[PDB]
Amino acid sequence: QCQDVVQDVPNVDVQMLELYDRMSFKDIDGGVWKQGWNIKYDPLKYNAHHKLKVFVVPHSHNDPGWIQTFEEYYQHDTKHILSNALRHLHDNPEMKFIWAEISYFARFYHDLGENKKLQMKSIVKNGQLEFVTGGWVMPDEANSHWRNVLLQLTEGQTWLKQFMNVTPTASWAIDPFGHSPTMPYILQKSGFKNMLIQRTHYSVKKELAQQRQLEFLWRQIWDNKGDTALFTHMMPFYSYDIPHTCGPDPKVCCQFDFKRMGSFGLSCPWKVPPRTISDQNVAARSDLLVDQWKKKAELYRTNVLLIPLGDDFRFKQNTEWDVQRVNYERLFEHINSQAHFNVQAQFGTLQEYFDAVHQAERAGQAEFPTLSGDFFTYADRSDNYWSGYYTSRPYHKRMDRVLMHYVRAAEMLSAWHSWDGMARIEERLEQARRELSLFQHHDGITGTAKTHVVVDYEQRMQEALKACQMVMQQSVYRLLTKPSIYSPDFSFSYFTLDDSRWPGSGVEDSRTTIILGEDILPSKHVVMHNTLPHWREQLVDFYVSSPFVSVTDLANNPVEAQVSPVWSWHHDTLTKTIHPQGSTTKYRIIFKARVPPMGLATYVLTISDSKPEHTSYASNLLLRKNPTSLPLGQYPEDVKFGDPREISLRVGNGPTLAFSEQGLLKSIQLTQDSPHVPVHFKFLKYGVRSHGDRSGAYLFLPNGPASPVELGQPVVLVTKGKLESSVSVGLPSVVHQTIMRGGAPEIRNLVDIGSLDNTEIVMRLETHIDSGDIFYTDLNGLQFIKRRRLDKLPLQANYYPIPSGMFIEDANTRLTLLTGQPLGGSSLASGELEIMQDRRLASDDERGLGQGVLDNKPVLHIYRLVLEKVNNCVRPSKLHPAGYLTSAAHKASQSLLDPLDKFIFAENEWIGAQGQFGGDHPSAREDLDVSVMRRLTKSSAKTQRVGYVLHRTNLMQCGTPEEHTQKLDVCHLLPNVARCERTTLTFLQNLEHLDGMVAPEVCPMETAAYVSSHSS
Ligand SMILES: *[C@@H]1O[C@H](CO)[C@@H](O)[C@H](O)[C@H]1NC(C)=O
Ligand SMILES: O[C@@H]1[C@H](O)C[S@@+]2CCCC[C@@H]12
Ligand SMILES: [Zn+2]
């Protein structure tokens, strides 16, 4: 029924971890093809019965922000390229052009008059202008979450279907810095038939070219059957520019980039400029170019050859369109008319190329290899590994994950109703989706844009967060107010959001204190939202003006709560310590919220004059030599002081954690009877090389293994409470906090690298787990892939993306670190895990950015740390390329990426308030998520439609019976259902009309989309 994703190792032609194990990686000079070899061909391979069919595919790589902002590029470059594309294609019917970035195409199209819109649709209809991929952007594939990869794909393709009436089935990804199999996973479930990639390690390109394995059916690592497989073309050479696209010799290919003769600035660095093609030289030029094409064709299996023709922000000047087009037309005319070449060459599009390849395949002329695995970590040359951008600009990496969740919550909360146009819900959600989609660009989330461009992306994401807040709080007001009493002003703030972890404590003082008093306002309603489709309990905290506060639920049942001081840390440059101060004016109340699946739950905070019956107070202990007092206003318990010492803590039934005298974890004891397992946090720094190649925003080029941060005698703050305890320490550049609520701890790091030029700060965990050279990291928050540390590769090559988690295990024990933000990381030695916190780099790394990374700001990084016995778990065999999380680790990841949302009622009194929403929603099996809920129609449509994306992970069976559980049928979540369809993941094509209007659940590791239709 469902394929087993654990126990059957797929049999594939190329399995990338296996290939890595066997391959050499020596960087030897291949000749004119620097990283390959001198390609030879048999001139008699091609003849009158067997011609080489060559498709020259004009293109223009438009970065939505990099050296300039989106809007600066649009004004200076892209509006011209697209205006001239329209003119030239229209006037030249055989000319073709491919277009990837829909964010720019949409920006342009809505500035066009109707006549030009009509002309534009005509060049799309007739195939001359062809969209490739059709995403809002060409996303990063390392740091991006799969949910946002799908978001930005859907944003661009919904635009194309509405305005152009097209949906691309061929994808073009020429610039992301290394490639992820999450792309064919999403694309193949979104109707795609083919895809193309470019930036893979030069040794891999050489290895696959030698075997003609550059075109392959790329399946997921756990896919035994092959149903996930998507035909993929990997380009063979160092760049997608013209010098590295016509064949192996860039000195020759540069002469066929006709923008490089002088009048455009540009030139050929190999010293031979292009010449205008004339009757006098066409035969000689043709002979040179065809010889390049024939050599490139030797690396592939069919007689159909792809020759991209383009570069960054190309096809801008009218004169550039003419000079490319006319010169190639003369080449084509001569080549195609000379039989001795046995070539037929023409401008083509990407789809035209793939269609012709598969016609060749179907004719029996080639069969393709199967492949699984990924293409990280990329190197473009020598030891230049692009692992730096797994961490660059980590404030915005964390902001990506915050905005991902607020997009989801805002679309889901507002989906339950149709809204009047005057509410502007659709407006706000479209802006939020588009600013988040823009940030998925491979210069956005990657942290590889110029300083002012990163500022542009940040301001855009702040506006998106505000839009999501506006929508969420209007929605909560409606969902929780008796229908006959509900009286909305759509511009008013009924609730403010309270978020404990963004921008985070010591990043921005942004949270509102709930002000209560016996003489003023005795109580306050707070509301929690749970986006996940199962009942959820989680501790939530709020700031309040009195410690004397108790909590009740909708039915006035008392709820156990804990009050703690509000602690902030300060780099005290009188005493030269980093140390905490307690607030004397506000306090934190903490309690367990229990919230329906995809639902809401309301609680009340009420002040009293003295300690309430159901509220406890944390003790606090400051460990430092030479202490001074720490007053806390009305807080009832005096802080205690002690010299630095080892301490140990236990919340609830959960683990016991032991801490060193510098306030870092040293051990974890799972059960009262079990061993204290050594687990040691440590902070270290990497430097930059003085001589030769420098780290910058892309490249990680450390000057040797990391050295320990010298900690001195740090101040340690210990807070012990019934519900929540912690240990926090002020270390140089990092306030490090371990938080305990009774299961796996939460780690928070407030990271301020300050003015530490040329430093990368890393957090390492040291254990006795005998992991050897193996470790696991995730790809896009979707799947965990086995990594093997290789000593044949330098340190920076053994760094991988950690977009949401990493783990190490042996026969008996696993340690999993789950993240709230994508960062770079590795396991550099047996029993270790490490993940980079921030990097500040005073040199440029010579990729075109023209600056280092000197714009660091304080960022709050969050994690969960899960130590587990796994000898009872059913794991994949030794040769399997995947790993899987346990239930606890998967729940821990969900607690970071999609926590409960908190709302504080903004006025004194909420008339018509209700206690709960969604108590009748089905509570689905823990491995199932409703990744997206989105209403797809505006309020005037007779037939309302709501789309759902359902994702089932695969969790290890470790012998918890864990039973129960209602079937989730998303099609019956809203009333008056009339149809239920399974669709592509973008919602743009119906794939199956479903019996009884019931949406089935999906298999482990599968993602499906459903659209329910409702008469209204
Ligand atoms: C939309 O797509 C297809 C093109 O193959 C066509 O059948 C349909 O008429 C199109 N609608 C138009 C022309 O807007
Ligand atoms: O970040 C840039 C940008 O996306 C265009 S491309 C230019 C070379 C360096 C990597 C890529
Ligand atoms: Zn780019």
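The residues of chain A that appear here are 93-1108 by Swiss-Prot count, in order.
Just so you know, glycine gets a Cβ as well, placed from its N, Cα and C.
Here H153 (Zn(2+) binding site) comes close to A192, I266, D267, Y332, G402, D403, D404, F405, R406: these same-chain residues lie at least six apart in sequence, with C-beta atoms under 8 angstroms from its C-beta. In the three-state DSSP scheme, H153 (Zn(2+) binding site) is classed as strand. Annotation source Swiss-Prot lists Zn(2+) binding site at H153, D155, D267, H534, citing similarity to another entry.
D267 (Zn(2+) binding site) falls outside any helix or strand according to DSSP and counts as coil. For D267, the entry in Swiss-Prot reads active site, nucleophile.
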Other same-chain residues whose Cβ falls within 8 Å of the Cβ centroid of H153, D155, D267, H534, the recorded Zn(2+) site, in sequence order:
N154, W158, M230, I266, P268, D404, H533, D535
Give me the non-local Cβ neighbours of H534 (Zn(2+) binding site): same chain, 6+ apart in sequence, Cβ-Cβ under 8 Å, ordered along the sequence.
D155, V229, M230, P231, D232, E233, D267, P268, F269, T540
Residue among the binding-site residues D155, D267 whose Cβ has the most other Cβ atoms within 10 Å:
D155
